[PDB]
Amino acid sequence: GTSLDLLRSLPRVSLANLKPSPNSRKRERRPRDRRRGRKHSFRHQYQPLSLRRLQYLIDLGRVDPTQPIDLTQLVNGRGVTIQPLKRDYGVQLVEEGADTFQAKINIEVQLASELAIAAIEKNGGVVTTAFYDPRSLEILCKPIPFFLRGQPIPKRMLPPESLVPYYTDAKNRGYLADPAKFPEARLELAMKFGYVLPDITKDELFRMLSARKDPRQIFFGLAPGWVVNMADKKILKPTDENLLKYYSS
Amino acid sequence: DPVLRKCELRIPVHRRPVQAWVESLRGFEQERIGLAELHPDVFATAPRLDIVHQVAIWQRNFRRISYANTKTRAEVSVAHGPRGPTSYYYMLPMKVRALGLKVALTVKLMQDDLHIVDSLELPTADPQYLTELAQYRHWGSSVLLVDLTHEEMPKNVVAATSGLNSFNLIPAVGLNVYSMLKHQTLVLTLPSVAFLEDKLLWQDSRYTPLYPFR
Amino acid sequence: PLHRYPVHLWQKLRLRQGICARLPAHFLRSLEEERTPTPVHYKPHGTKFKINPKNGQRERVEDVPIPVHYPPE
Amino acid sequence: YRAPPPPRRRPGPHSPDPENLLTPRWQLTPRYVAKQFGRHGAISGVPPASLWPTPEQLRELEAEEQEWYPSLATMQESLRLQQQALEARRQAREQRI
Amino acid sequence: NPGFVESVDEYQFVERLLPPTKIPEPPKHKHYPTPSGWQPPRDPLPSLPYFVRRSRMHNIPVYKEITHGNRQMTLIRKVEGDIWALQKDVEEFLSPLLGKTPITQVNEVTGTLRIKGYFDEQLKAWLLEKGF
Amino acid sequence: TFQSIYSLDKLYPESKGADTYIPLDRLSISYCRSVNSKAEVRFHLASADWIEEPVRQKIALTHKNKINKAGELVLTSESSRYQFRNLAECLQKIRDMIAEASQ
Amino acid sequence: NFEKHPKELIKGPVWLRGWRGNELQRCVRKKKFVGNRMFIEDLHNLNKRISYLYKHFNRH
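Residues numbered from 1 in each chain as written, not as in the entry; some residues may be left out. Chains lettered and ligands numbered in written order. Part of a larger assembly, values for the part shown. Heavy atoms only, no water. Residues with missing side-chain atoms left out of burial classes, pairs and counts.

This entry lists cryo-EM as its structure determination method and reports a resolution of 7.31 Å.

Student: In this structure, what is going on with the packing of aromatic side chains? I would like to understand it.
Tutor: Two descriptors summarise a pair of aromatic rings, namely the distance from one centre to the other and the angle between the planes of the rings. Scanning the model with the defined rule gives 19 aromatic pairs over all chains in all. Centroid distance E:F51 to E:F132: 5.6 Å. Interplanar angle 70 degrees. Geometry classified as edge-to-face. With E:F51 in strand β2 (residues 51–52) and E:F132 in the segment after α3 (120–130), this residue pair connects regions lying 81 residues apart in the sequence. Three or more aromatic residues link up through ring pairs in this structure, and these residues are A:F131, A:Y166, A:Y167 and A:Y175. Here A:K142 stacks its cationic end above the ring of B:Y211, 3.7 Å away from the centre of that ring. Above the face of the D:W68 ring, C:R58 is positioned so that its terminal group lies 5.1 Å from the ring centre. (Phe/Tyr/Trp six-rings, centres within 6.5 Å; stacked < 30°, edge-to-face > 60°. Helix = DSSP H or I, 4+ residues; strand = E, 2+ residues; numbered from the N terminus. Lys NZ or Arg CZ within 6 Å of the ring centre and 35° of its normal.)

Student: What's the story with the sheet that holds strand β2 (residues 18–22) of chain B in this structure? I'm lost.
Tutor: The strands that make up a sheet pair up through hydrogen bonds in the backbone, lying either parallel or antiparallel. Residue and element names in this part refer to chain B. Strand order in this open sheet of 3 strands is β1-β3-β2, and the pairing throughout is mixed. If you trace the sheet from one side to the other, it starts and ends with β1 (3–5) and β2, each paired once. Adjacent strand axes in the sheet meet at a mean angle of 20 degrees when their direction is disregarded. Two elements, β2 and strand β3 (residues 34–38), share 5 bridges in a ladder whose sense is antiparallel. Pairing of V22 across the sheet is with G34, part of β3. Each of β1, β2 and β3 touches helix α7 (residues 190–202); the most contacted strand, β1, lies at about 0 degrees to it. (Pairing = 2+ DSSP bridges. Axes fitted to C-alpha atoms, helices over the stretch in contact; angles between N-to-C directions. Contact = heavy atoms within 4.5 Å.)

Student: Just checking my understanding: could you explain the pattern of salt bridges for this structure?
Tutor: Opposite charge on two side chains permits pairing when their charged atoms draw close. The full count for this structure, using the stated rule, is 27 salt bridges over all chains. Where A:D169 meets A:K171, a salt bridge forms, and the shortest distance between an N and an O atom there is 3.8 Å. Its relative accessible area of 25% is what places A:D169 among the partly exposed residues. In this structure, E:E80 engages E:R53 in a salt bridge whose closest nitrogen and oxygen atoms are separated by 3.1 Å. Note that E:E80 is positioned in strand β5 (residues 79–80) and E:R53 in the loop between β2 and β3 (62–67), a separation of 27 residues in sequence. With respect to class, E:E80 is no different from E:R53; both count as buried. The network of salt bridges with shared partners includes A:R186, A:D199 and A:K202. (Salt bridge = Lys/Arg side-chain N within 4 Å of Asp/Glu carboxyl O. Buried < 20%, exposed > 50% of the residue type's maximum accessible area, 1.4 Å probe, protein only.)

Student: I would appreciate a short explanation of the side chain of A:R216 in the present structure.
Tutor: Note that A:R216 resides in the loop between α9 (206–210) and β5 (227–229). Buried and without a salt bridge, A:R216 has D:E65 as its closest oppositely charged side chain, separated by 4.8 Å. A distance of 2.2 Å separates the side chain of A:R216 from the backbone oxygen of A:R156, its partner in a polar contact. Setting aside residues no more than four positions away along its own chain, A:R216 makes contact with A:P154, A:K155, A:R156, A:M157, A:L158, A:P224, F:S4 and F:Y6. (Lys, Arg positive; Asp, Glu negative; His and termini not counted. Polar contact = N/O pair within 3.5 Å; in protein donor to acceptor, adjacent residues only side chain to side chain.)

Below, the structure written as structure tokens:
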């Protein structure tokens, strides 16, 4: 660093010596003299994740491959930005990276492409779709604040009748999907590509990959209606029978 | 027995560590007692004085409030006169302010105006001793003393610095560019350097915040 | 300068100080308590929800009381 | 001179006095009280039972739940009726044309 | 009768949900390049007078830029050492590919090099050859 | 764990268990970017035991142009080069050709 | 640790602590902050002054 050596040779700097960078500040005109003298909401605003964008996160180790993909974890890693003021209502995927993302992992995304669904399943990944209420999703993205507010964990909402067919559809692999068709559906997709179907049971970590929360359950770890002792780093569970009726309701 | 310090964070392989003489204020002749390593990313940043110049302007101007007011022709029982209290407050990004602090640290070290010390503890509380010691080590007329935290700063140093106008005692959190420039030489305790390095080095992977870090 | 208490708190301070404090507690409670008169000419909204204009979503509602003049007679 | 001590804020839960005139209304709301619990948890001292809905609130929630939130079974039934209605509409078009 | 029961068994998931504040360093891979194509800087580093450090995201500090709506540009930022040595080599490398001496502006104060046109791919590959 | 009122145990009462054509070895696939690209799949039509004799004869007649000098039927298209898009439509083209040759 | 923002260190008129705006914005914010605690005569004068400021910036 020859620049540093020049500083030693140069005289000690003072407050007055400081000077603004060249061209940083423009000149101004003032009237001192003659110079200035004389004279749509209903449609969900899906926020997608590109397959190429998905690929680098796994390759860079930003998201642990062993841990199932969680949208909250992506927010924790600053992978995606969700603004409640924007009233983002959904999540999607982008066709970009279809040719550059060869990997298998369990994941849940609100909306997924049918071609993408089978391709990751062909690789061995597990993909499903869940419905998060836009207000609930904002709560999900920021779980700590409502604990600060003191609010208790509410039951996850269900899709409106317009979106019920999508989630209930077996091919869409939604949480409302019929399990009976899943073994047949998995078989059908394998034939379409022709790849040899790997049964989810064969995987050693099958239970971890296939683990899913209840439709009313917002969080994998936390059941609906739960409370968290944030100050004491503990979880509080309601013990009132009437409260169970509220959760059932 | 030399006092040997190494940077806690990983120094870049391609960048050699920055080094300076460790000093102690216990005795007049205790100019050099150890050798310490300083992070190049902190103590070997480019000397960008416009950032320092901008920070100094920000420091002078974000606190600027003018209370001048005058009555215009309509308010007479001035065509363009001062109109009530006016403020000039503005905020620099934390990245720039941290960078400006980083730039200032290098300049003082390269100009031999920065003196790294193990601790501020002094044998006596007399202000005369501190002034004489500064003359003994040929320090500048103004010497700035920085400690890790305000609460634990030694009593003896407080008395010496409190009575001296040109020698000002500040905590680590109180460091600012204006004080460094106003003071000819800077005296920093070793713990303070680590404290400053941690915050300055924290800028790494500066996640854009959606909420306060706390 | 600026008054520490707003103008509306001036009435509260007057009630809380002077002979007002010395007034009987029972009478003071009667004056302090306010009970809404029974609605006669207007009805509060039956439903607690309505469509917000800006977002086009169901929202909480508010009630606008009709102005009614009661003469001293 | 010696620099003044760095400013330090008062830590820990602070409960506003309701009677005090100065205290703002929003600091006396149950949401603020719930906020106190979240900030400090047990140190605040808010009873956890109070956080959950009261039995009278339970009835309101149940009434609210029925009014606005249908169940999965009800949703599926609605689709079947609409599908039948859609089928009838298609059949009406074919017969009339 | 308390309405709450405390169990620490399920707090592990809460720990998982906690957000991190630092970008994680890339994990060591058995085989490079990574399936996406990322490869860490070559080791040993080149002994040239000028060293180009990677970004905080462990990516090459090359950014494509367009200004005035008509001028394509590419910028190299994290340049350390002798900028002039880098410019001479960069000028020599791009002269055959471009067909003439590249039009470039050197901001020594910021330690950045500005080049008219888009040549990030060739420069990025060329930088890999140097071992950066 | 906890089971909700609208739990999958009730939303899907029937299946409470966790577990709830074209040969792959015979055919060969190839994909390479040539920008432009071309993905093709090759298989020996003479050794195709998964196709009926009338179907094999029809394939050798209708797909005579696709049959190479070595007797291997090949089919290539240009949509995209990847695991699912490219390969699947090449296998399905052969399957569709077999179906068309059937009737 | 960013616990206290430097804007929090500003001492001065309440309506402009940590905030800046044009003359109309400053006047409007001043009215909101101390409108109830301002004098009746001052409030009327401020209302009239705001009218001139509003028209100048928003119509010229």
